[PDB]
Amino acid sequence: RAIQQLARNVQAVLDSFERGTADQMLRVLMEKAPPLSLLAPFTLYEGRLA
Amino acid sequence: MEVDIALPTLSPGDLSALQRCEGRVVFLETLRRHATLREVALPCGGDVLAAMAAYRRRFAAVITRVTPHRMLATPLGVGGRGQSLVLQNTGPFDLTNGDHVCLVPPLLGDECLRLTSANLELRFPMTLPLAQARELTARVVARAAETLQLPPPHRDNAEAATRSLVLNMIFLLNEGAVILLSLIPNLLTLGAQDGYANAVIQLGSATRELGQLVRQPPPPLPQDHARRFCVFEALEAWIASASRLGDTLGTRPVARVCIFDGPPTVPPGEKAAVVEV
Amino acid sequence: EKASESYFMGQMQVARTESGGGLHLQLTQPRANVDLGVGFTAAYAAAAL
Amino acid sequence: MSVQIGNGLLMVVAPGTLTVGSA
Amino acid sequence: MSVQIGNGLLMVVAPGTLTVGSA
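Residues numbered from 1 in each chain as written, not as in the entry; some residues may be left out. Chains lettered and ligands numbered in written order. Part of a larger assembly, values for the part shown. Heavy atoms only, no water.

Per the deposition metadata, cryo-EM was the technique used to determine this entry, at a resolution of 4.53 Å.

Where the PDB entry is consulted, chain B appears under the name Triplex capsid protein 2, with the organism given as Suid alphaherpesvirus 1. The title given to this PDB entry is "Cryo-EM structure of PRV A-capid".

For chain A, the name recorded in the PDB entry is Major capsid protein, with Suid alphaherpesvirus 1 as its organism.

Below you can see the structure in the form of C-alpha cells.
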C-alpha cells in the first residue's frame with residue numbers, strides 16, 4: 001500500500017512540469033503580442049514615419 | 001567539541017586517586033580546545049559567597065575520562081539542549097528523578113583533592129536539588145546582610161550581595177504597590193475565615209505583626225488615575241523580576257536528572273545519568 | 001510563428017526539508033527564454049465578447 | 001519499475017550515527 | 001560510542017535522486 005501510494009503521488013506531482021511548460025508557453029506568448037487592431041495600420045504607414 | 005586538559009607527571013600514589021574523579025565538574029575560564037591542569041584550580045575553602053560569585057562568570061565543564069596522559073571533559077552548556085552525560089552526586093543530600101540540579105561551592109571546606117606532585121589542588125563543587133540550594137543561598141545571604149557548621153563571613157564582598165539584593169527589592173516599590181499594601185487588614189480578616197488562607201500566611205510572616213500595630217488611611221488617587229491602572233503594572237513588574245530573583249543571587253539550574261531503567265533515587269556518592277538543559 | 005522564441009530548460013534540483021515527522025519534497029527546475037525574431041512575431045485578436 | 005531509490009532512500013539512511021554529541 | 005547511525009543517517013542519505021520529475 002505504501003509503495004503504491006508513493007508511485008501514485010510521484011505520478012501526481014512533478015509533470016505539472018509538462019503541463020507547466022504548456023502553461024508558461026502561453027503565459028509568455030501573451031505578454032508580448034500586441035492586439036491586431038493596433039498593428040494593422042502601423043505596418044501600412046511604415047517608412048513614411050517621423 | 002571536547003576539552004583536553006593536559007596533565008603534568010603526577011605521583012602514581014595520587015594519579016590513581018585522581019582517576020576516581022569521573023563525574024565532578026570544573027570551572028574553566030575560556031573554551032579553547034586545549035588547556036592545562038595548572039589553570040583550572042582554586043585555593044582551599046573560604047568566602048563561600050566569593051566562590052558562588054565566581055561560579056557565574058566562568059562556565060563549567062564535566063570530565064569524562066582520565067588517562068595517565070590527558071583528561072577529556074565536556075563544556076556543560078554552550079550550545080547543547082539535550083546533551084546527555086553523567087555526573088556523580090557529591091553533596092550531603094540525595095536526589096530523586098526529574099528534579100533539576102544546581103552547583104553550589106563546597107561547604108565547610110576540607111574537601112580538597114590535594115596533588116603534592118603538581119603542587120596544585122582542586123575543589124570540585126557539590127550538586128544539590130534546586131529547591132534546597134535555594135534555602136542554602138537564602139540563608140547565607142540573609143546572614144551576610146545581618147553584618148551591617150558555619151563559616152565566618154568577610155564583610156568585603158558581602159556588600160555586593162547586600163547591594164544586589166536591596167536593588168531588586170527597592171525596585172519593587174511602585175505607586176501601585178501601596179494600593180496593594182492598603183489591604184493588609186482586608187487580607188488578614190480573610191485569612192482567618194478559611195483554612196487555606198490561614199495556612200498560606202506563615203507564622204513569622206513579618207506582616208501579620210504589622211496588621212495589628214499600624215493603621216493606614218485610604219490611598220490617595222495617583223496622577224491621571226482615570227486613564228491607566230497601576231495594580232496590573234505593579235504585578236507584572238513583580239512577576240517578571242521575581243522569576244529570576246534567585247538566579248542573580250544563587251546559581252541557575254543547569255541540568256535535570258533523568259533515569260530510564262535504574263532505581264528512582266540515587267544515593268550520595270553514586271553516578272547518575274542526567275540530561276543538560 | 002514557426003519559431004517564436006528560444007527556451008532553455010535546466011536540470012532538476014531536489015530540495016530537502018523536514019517538517020515534524022511529516023516530510024515534504026520541493027522540486028525545482030530553472031528556465032529561460034528570449035524572443036528570437038526581430039520585429040513583432042505574435043498577433044492577438046480578441047474575437048468574441 | 002518500483003524498486004529502490006525511494007526503497008534507495010529507504011534502506012541506507014544507514015552510515016549517519018554521530019549527528020555528533022557535542023556543542 | 002559515537003560513530004555512524006546518526007553519522008549512519010549522515011552519510012548515506014545517498015541512493016534517492018529522482019524524487020521523480022513528473023506529475
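**Q** Looking at this structure, I do not really get the environment of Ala2 of chain A. What am I missing?
**A** Residues and elements named next belong to chain A. Structurally, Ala2 is set in helix α1 (residues 2-10). Judged by its relative accessible area of 63%, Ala2 is exposed. Here the alpha-carbon distance between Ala2 and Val28, two residues 26 residues apart in the chain, equals 39 Å. (Helix = DSSP H or I, 4+ residues; strand = E, 2+ residues; numbered from the N terminus. Buried < 20%, exposed > 50% of the residue type's maximum accessible area, 1.4 Å probe, protein only.)

**Q** What is the right way to look at the interface of chain D and chain E in this model?
**A** How big an interface is tends to be stated in terms of the accessible area lost upon association of its parts. At the interface, 11 residues of chain D touch 16 residues of chain E. Summed over the three residues of chain D that lose the most area to chain E, namely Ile5, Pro15 and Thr17 of chain D, the buried surface amounts to 46% of that side. Along the contact surface separating chain D from chain E lie 12 residue pairs in polar contact. When its residues are assigned to classes, the side of chain D that touches chain E shows seven nonpolar, four polar and no charged. (Contact = heavy atoms within 4.5 Å. Buried area = accessible area lost by both parts, 1.4 Å probe. Polar contact = N/O pair within 3.5 Å; in protein donor to acceptor, adjacent residues only side chain to side chain. Nonpolar A, V, L, I, M, F, W, Y, C, P; charged D, E, K, R; others polar.)

**Q** So what exactly am I meant to see when it comes to the nonpolar core here?
**A** The nonpolar side chains of soluble globular proteins are, as a tendency, buried together. Residue and element names in this part refer to chain B. Judged by nonpolar contacts, the single largest core of 20 residues is most densely connected at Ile63, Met71 and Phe124. Of all the elements in the fold, those that place two or more residues in this core are α1 (12-18), β4 (60-66) and β5 (71-75). Not counting residues up to four positions away in its chain, the partners in contact with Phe124 are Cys21, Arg24, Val25, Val26, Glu111 and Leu113. With 13 residues, the next largest nonpolar core counts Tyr55, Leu85, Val101 and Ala255 among its residues. (Core = buried A, V, L, I, M, F, W, Y, C linked by side-chain atoms within 4.5 Å.)

**Q** Just to check I follow, could you spell out the packing of aromatic side chains for this structure?
**A** To describe a pair of aromatic rings, one takes the distance between the centres and the angle between the planes. All names here are of chain B. Inspection of every chain in the model, using the stated rule, returns two aromatic pairs over all chains. Judged by centre distance (3.9 Å) and plane angle (15 degrees), the rings of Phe27 and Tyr55 are stacked. Of this pair, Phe27 sits in strand β2 (residues 25-27) while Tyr55 sits in the loop between α2 (48-54) and β4, and the two are 28 residues apart along the sequence. Classification of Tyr55 by relative accessible area gives buried; the value is 8%. With a centroid separation of 6.0 Å and an interplanar angle of 50 degrees, the aromatic rings of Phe229 and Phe232 are classed as tilted. (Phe/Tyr/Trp six-rings, centres within 6.5 Å; stacked < 30°, edge-to-face > 60°.)

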